[PDB]
Each structure stands twice: as structure tokens, then as C-alpha cells.
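Student: When you get a sec, could you give me coordinates for this:
(one chain, ligands or ions: 1)
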Amino acid sequence: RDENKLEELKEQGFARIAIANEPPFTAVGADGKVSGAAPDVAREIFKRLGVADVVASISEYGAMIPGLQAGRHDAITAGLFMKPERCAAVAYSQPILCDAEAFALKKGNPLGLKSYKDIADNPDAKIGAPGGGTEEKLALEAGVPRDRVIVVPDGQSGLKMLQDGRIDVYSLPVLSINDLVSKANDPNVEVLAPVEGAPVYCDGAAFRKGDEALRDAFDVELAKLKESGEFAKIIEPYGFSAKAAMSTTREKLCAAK
Ligand SMILES: CC1=N[C@H](C(=O)O)[C@@H](O)CN1
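Tutor: Numbers count the residues shown, from 1 in each chain. Please see the structure below:
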């Protein structure tokens, strides 16, 4: 289950992957099929490694690394963006899904919220964000107090919380917000993208430190997918940029900048 992880996954027939259900990063249809850019890439690569299918678990973003280190899943494939502190806890693949950050906001933006700092500087402003995710951390880092950063389980709840006036802003990656609002059919909601002063992130498939040999194998296929253009064929129908991911590396994103 360490150096010989791939072998066991092959003779097991499947790999356990962690997702959050946030299109177009991850998605689950009523059928039960797991799609989205991250699981499709993960699915294709595992297939190439002799691993016949993926079995997915839904959880919130903050439970993913703990679940991985506890050995509950074989990889995180969910748009879990590379950050120094995350990089120190897992063995990431090379970059896959890149995106900026966005705001879902009341029409006309009554509070003038354009950066995470704007939220911090207004004591009335509450921001909705996934628990343990990048947006929550960026709000906290900009100086939004804990009790004004509100944990939101998923996009549909964030939208509803915004409509109810529980939050003044809901924050996800641009592609996630765009997808959510276009399906929302709500003239009172408005998108602000990208968030001013917020970093641009890329994710990878995240593995246990002791599963680095599996990570290497996954990466050999990722690199071949990138080289052929097949990588672009999988992720770009979802709105992602292949070039962005190919323009940087794990080490650059994991660097303390
Ligand atoms: C795809 C996605 N990634 C963020 C993260 O990696 O924390 C989450 O906070 C929100 N959605």
C-alpha cells in the first residue's frame, strides 16, 4: 500500500477519489455518474494505468486532506488548489485545472465589494465560502473576522443564502460561479470576476506522501496527455485553459511566494 500502491489498485479494479460536487470542477448527475474536469482527467489517467474505474466520495474541501492522510481515499481530484501548506501535507501531481476567484453578488453591487479587503473593511459584510477552501482563507487573510466568513456547504446553498440576505457575497472560482449563476435564473444576482487582489490558482491530483510512486505514474500519463493535446480535449469543453496549466509547475505553485 506504499511503493506498490498502483499494483493493488489494479488488482482492486478501482481508485477512491475525493470530490466536492462543484461544476465544472466536479459534477454528479442524477444517474450517479461522476463527471467534471477533475474526475474525467483522473478517470482517463487511472484507466491508462490499468485501474478500471474510479469510486468517488463527496465531502467539503476541508475534510479532503485529512481523509487522504487517514487513508480513506487514494487521491483528491476536486480542484484542490496547490498552496505551500497543502503541498507540505500531500504529494501533488503537476498542474491540471487553473482558475481565478469570483464573487456572486447582489445586482448593482450595493456594498462596492470588489476585493476581499472590501469585505474586511465593512463590518456589515458577510462572505460565504466553502469550509477549508481558498476563498475562506483569503477572506481571513485580508482581515475578515471568523464570524463574518460563513461556511457554505455547496453552490446552490450559497446562492440561496445570498438571496436570503444571510451573506452579502458568495465566493468560488470564476468557472464555478459562472456555471452556478447561469443555471440560477436570477436577475438579482451578479458576477464580479476576477476578484481584485486575489491570486490565480491551479490544482493537481493530490496523493499521500507515501504514495509518491503512484503520483509519478499518474504524472507520466498527465504529461503524455498534455503533449498530444488530449489534455486540452478533456478540460477545455469545461472552460479551463490547457496552456495556463502547461505554463507553470507544481514547484512554482508550491513555492512560498
Ligand atoms: C475548485 C475549488 N477549489 C477551492 C480550494 O481548492 O480550496 C475551493 O475553495 C472552491 N472550489
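Student: Report the central residue of this protein.
Tutor: Nearest to the geometric centre of the chain sits residue 79, at 2.3 Å (CA atoms, centre = their mean).
Student: which one is that residue nearest to, not counting chain neighbours?
Tutor: Sequence neighbours aside, residue 25 is the residue nearest to residue 79 in space, at 3.4 Å (criterion: CB to CB, 6 or more residues apart in numbering). Every C-beta, even on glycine, is put in place using the N, C-alpha and C of the backbone.
Student: so the residue nearest to the centre of the chain sits right up against residue 22, yeah?
Tutor: Yes. Here residue 79 lies in contact with residue 22, judged by CB atoms under 8 Å, at a distance of 6.8 Å.
Student: shared neighbours, those two?
Tutor: residue 176 (CB atoms under 8 Å, 6 or more residues apart in numbering).
Student: Next up, the contacts around the closest residue in space to residue 35 that isn't next to it in sequence.
Tutor: The spatially closest residue to residue 35, leaving aside those adjacent along the chain, is residue 27, at 4.7 Å (CB to CB, 6+ apart). When the contact criterion is CB under 8 Å, 6+ apart, the partners of residue 27 are 21, 34-36, 39.
Student: One more: residue 181?
Tutor: Residue 181 neighbours (CB under 8 Å, 6+ apart): 104, 159, 189, 191.
Student: How about residue 97?
Tutor: Residues near residue 97 by CB under 8 Å, 6+ apart: 25, 37-38, 41, 79, 202-203, 235, 240, 245.
Student: Can you lay out the residues you listed as CSV showing secondary structure and distance to residue 115?
Tutor: Compiled in CSV, these are given as follows (DSSP: H, G, I helix; E, B strand; the rest coil; distance: CB to CB, whole Å):
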residue, secondary structure, distance to residue 115
25, coil, 23
37, helix, 27
38, helix, 27
41, helix, 31
79, coil, 22
202, strand, 21
203, strand, 23
235, helix, 28
240, coil, 24
245, helix, 26
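Student: Stretch 92-103 near the ligand at all?
Tutor: No. With CB under 6 Å from any ligand atom as the criterion, the ligand is not reached by stretch 92-103; the gap is at least 7.1 Å.
Student: ok, and for that stretch, which residues are buried?
Tutor: Neighbour-count burial for stretch 92-103, counted by 16 or more other CB atoms under 10 Å, picks out 92-99, 101-103.
Student: Just the C-alphas of that stretch, formatted as CSV.
Tutor: Coordinates of the C-alpha atoms in stretch 92-103 are reproduced here as CSV (Å, rounded to 0.1, in the frame of the first residue of the first chain):
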residue,chain,number,x,y,z
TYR,A,92,0.6,16.7,-5.8
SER,A,93,0.7,15.9,-9.4
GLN,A,94,1.7,18.6,-11.9
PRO,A,95,-0.9,21.3,-12.7
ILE,A,96,-4.3,20.4,-14.2
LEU,A,97,-7.1,22.8,-13.5
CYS,A,98,-6.4,26.6,-13.3
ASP,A,99,-8.8,29.4,-12.3
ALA,A,100,-9.1,32.8,-10.7
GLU,A,101,-11.6,33.7,-7.9
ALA,A,102,-15.0,35.2,-8.3
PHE,A,103,-17.8,36.9,-6.4
